[PDB]
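In structure tokens, the next block holds one chain alone, the form deposited in one PDB entry.
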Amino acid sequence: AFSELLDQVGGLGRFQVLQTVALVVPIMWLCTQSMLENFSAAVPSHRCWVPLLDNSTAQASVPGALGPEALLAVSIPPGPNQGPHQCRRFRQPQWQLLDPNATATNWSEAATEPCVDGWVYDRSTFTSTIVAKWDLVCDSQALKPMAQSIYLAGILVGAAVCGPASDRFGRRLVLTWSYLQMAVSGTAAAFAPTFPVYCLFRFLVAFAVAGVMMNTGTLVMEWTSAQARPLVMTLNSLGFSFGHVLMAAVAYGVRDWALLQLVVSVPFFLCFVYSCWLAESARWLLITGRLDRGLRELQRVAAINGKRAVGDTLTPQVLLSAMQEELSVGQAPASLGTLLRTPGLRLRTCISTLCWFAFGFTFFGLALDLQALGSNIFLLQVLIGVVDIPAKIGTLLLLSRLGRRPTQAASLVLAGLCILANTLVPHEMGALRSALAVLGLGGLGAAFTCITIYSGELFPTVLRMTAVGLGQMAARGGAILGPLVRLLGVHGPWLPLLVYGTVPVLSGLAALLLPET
């Protein structure tokens, strides 16, 4: 509402605290939904099915007993990197390779049989997985990143439909609808019998995620005081930061792809239930002509804040007079035609969108394939969640006592360089490998928070929202494009990481040209 009304009702008080907690608690269970891919779509070791071992009759037919290690060679070509071929097998058994004296070079995949009877996955760490369920290996390997991209695509669609809709129906209504949509879509995805059905439900879940994010952010921004809008927006982000730790904790308990999804998505039903008691933003109600509901909402907030006499004295006449400043000046959003046309503003917007896209691309291309960064995924997730908090908190202090531009450049460049170095280190040493990956991810989070604080300040007041929205769209597009880099993994696992580490470095170096403050 207007400053005078929000002051007579109370800037920061009990109701603020309550609504912020209510709206931040779901953010953890939404970061869990976003990061569920790491655990529900893990890729375990997958040898090729062979009748000799799986079928006990053939194995028992041979007199005596033969060790599995020796009997696997006679039916699996020696694959690259001194290991069994994951997608090939021997068409017929070859006892010649059984003798260790003979060199195994002659035994190769020249006359190997492509997997016909299916794959045998390991269940030591994951009882079941999407990859092990729908055989997303070998020829279908590329289908794994695609499912991650489509989900991200949904987010881009959600922000494209939850913007105007929320501006015509409200924030509380769309928030409740998105909560229920997320709950139902996540519950239904657990029972998907085919890959396309699961992908469609994941896309709907992403739609709901975008809706929830935008609506909760807008409600928090509107119901908070002017001097603390970015602060509580960064609190919204810190909720996701702790959702990382929540995801790490939940995965270690349930080892499955359906039970994990169901447990992750079921709390959103309770979210929808209690979401019917939140407060619709009074600002939107007043500017959109809803006066009685706005008055009721303001009185409710004031009573909750402990001021009943102040609310009792409010009248529609004063309510309209307070909002006359906004009613008379009917600010309409400005199109990009008045933004990119000015030559003196092109470089700023270009660099801003470059930074937004670089983060949205590298971060979500790296975090989705968390297995490639380190040794085990649980420790990586826990450390990411633990470290992203202090980095984000310290970024604010750096901004306070240091310029915005140098902090942005340093954070982005250091994150990119750490990601690049993570690839160069020998693969045997996993400790520094995971440490460098964690430091790079924390630096990326710090850079994201810094750019979020920075983007609004460069552009004038009138054009700030257009530039912010353009940056968010660029970040979502980069997120969509991020997983597609892993498609360039057939050449080697190093190329995707090299791309992911080279992009942030160049973006940071470019981010030193835009003016300070």
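C-alpha atoms forming the largest set that superposes within 1.5 Å between two forms make up the rigid core. Numbers follow the displayed sequence, beginning with 1.
We do not show the form deposited in another entry, though everything after this point is about it.
Taking the core as reference between this form and the one not shown, the lone member of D117, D135, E109, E222 whose Cα moves by 2 Å or more is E109. Remark: with the core as the superposition reference, the CA shift of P100 between this form and the one not shown reaches 2 Å or more. Three angstroms is the minimum change: in the other entry, the CA atoms of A102 and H46 sit closer than in this structure, by 3 Å or more. In the other entry, the separation between the C-alpha atoms of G79 and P100 grows by 3 Å or more relative to the displayed form.
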